[PDB]
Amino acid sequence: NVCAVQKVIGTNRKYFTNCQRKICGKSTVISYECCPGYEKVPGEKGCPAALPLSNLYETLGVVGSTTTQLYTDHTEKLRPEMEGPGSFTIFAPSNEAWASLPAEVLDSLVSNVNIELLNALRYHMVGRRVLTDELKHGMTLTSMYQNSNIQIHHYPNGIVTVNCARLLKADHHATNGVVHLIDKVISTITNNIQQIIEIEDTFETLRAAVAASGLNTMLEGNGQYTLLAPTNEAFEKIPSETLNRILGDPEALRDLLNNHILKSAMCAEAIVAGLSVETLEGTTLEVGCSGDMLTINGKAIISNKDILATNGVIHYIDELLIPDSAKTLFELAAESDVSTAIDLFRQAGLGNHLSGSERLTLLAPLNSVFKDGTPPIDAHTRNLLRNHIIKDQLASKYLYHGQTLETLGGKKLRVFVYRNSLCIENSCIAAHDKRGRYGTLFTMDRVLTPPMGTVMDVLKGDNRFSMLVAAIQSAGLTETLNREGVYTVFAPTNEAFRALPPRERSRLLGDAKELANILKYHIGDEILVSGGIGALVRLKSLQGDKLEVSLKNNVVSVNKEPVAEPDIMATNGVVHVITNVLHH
């Protein structure tokens, strides 16, 4: 028989439930009264006695809706109907609700009490008894004023709403019906979302965008939406070149308008905590609240909440919500996790690829790659960057093994797709794609090191592996580590060969075919860059037995023996540098 109130400290807003920690970021205190209609006797057992039912007019005073009671009484015609025959509900505004009306609208009501005040009170009423049992999301009650509909919603969290007024105290039975207490005075709903946009002067840039895009027919139509409508002042915070480029292009335009529209009508006093919501374009937004401010992604950019329409709810927003798919590469990458990278592109002359409509894919590494320093701008940097800019617009989820990607600097880089990572040359994808209108940003964990020759060119140009190229020659393996292939050479240095045991180097020297078998064991038949090693991967060697290739604590190991220098790229493989020679 017991109930509870939770109240935010330093406020007036209270939520009247049965018997959540914070709400809109503000701490709560919970206070126990018991449910409207029952009394405390002298002590006894904890709300014993129920009060008698009174009829709907007197029930108004019992719930605390004395202004609604006073206004009803001063019409001389609704009060006798309220205390006589029938079955009724009234969604009765609180005392604070009438006082929160604008002076100009409340004067209009109380100066004509037999028409406009009576019409207002009749619109809050339904000619049948309707409990919150009968209230489910999306349904329309018929009011007693001129058959006008009342919009009610019922959100997951338990908040009932009635024309986007929160229902405060529910289900107070009358002898001829029920009384509900709501916190707004509500009014008739006569316009669709399209029709409001064509009336308000604050939306003339919005109405033209809708007109250019052909979304008028949708916004005239049925079903429920939320419009995060941008004012003219929102469109003026966007620089002219950026905005005209979006609005000019039909795809970018419809992506923009759909990023301002939700699939269900939700309204502001239903928002009590963080709720991720998708727009029609596909982007998730973070809708919260801080005080009585609505917040979008933690920004109090909503200046006018709960503007009502027959096909949904409009909230006015102050900043345009431009999605990734309407942005250029520069707009989607400059104030982000690849900020250091994009500054290097523009300083090295390559900025005009990123700033317009060129269909590109960008491989920009993370900012933690450049924590220890940044390379200087020269010929060699701006040629290397020019090879991180790939022709055509790509999606990484659609890349395939042994795909080749042309750069703007003439190279062809190889896509290697492994089970837990995707790699282009040595570099691997570190975060999700950012798909813009014209180009897409791939987010990388290394600066990439493109191949500059063959496996034999790596080894003959480096003096650590001169005993290895001699063994490769003496096993007849030069001509095949130099033609086209996909190898993984675990290449032992000179000090590895001079480390060899007597019985193993005697098997190396005394038969050229046994030397061929030991060197073919060192060579994988796939390309396995370090970014494609999981916990452990088995790798078929050209001898035929498998190699055990792990990555623990950022060191590649092969059969539990360490790689000193991973990922030296080559036009027909990858070279990893090992410090000793593998056995059998």
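Position 1 is the first residue in the sequence shown; the rest follow in order.
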Count class of coordinate-free deposited residues lying between the neighbours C19 and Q20: 4 to 9
Mean Cα B-factor comparison, 371 to 379 or 275 to 283, giving the higher one as deposited: 371 to 379
9 to 17 set against 568 to 576, stretch whose average Cα temperature factor tops the other in the entry: 9 to 17
Options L253, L206, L441, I301 - largest CA temperature factor per the record: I301
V62, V555, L519, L70, ranked by C-alpha B-factor: the highest one: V555
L509, C-alpha B-factor rank within chain (lowest, middle or highest third): middle
Entry-reported Cα temperature factor of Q543, expressed as the chain third it lands in: highest
Within-chain third of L56 by Cα B-factor, per the entry: lowest
CA B-factor ranking of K237, expressed as a third of its chain: middle
For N494, the third of its chain into which the C-alpha B factor falls: middle
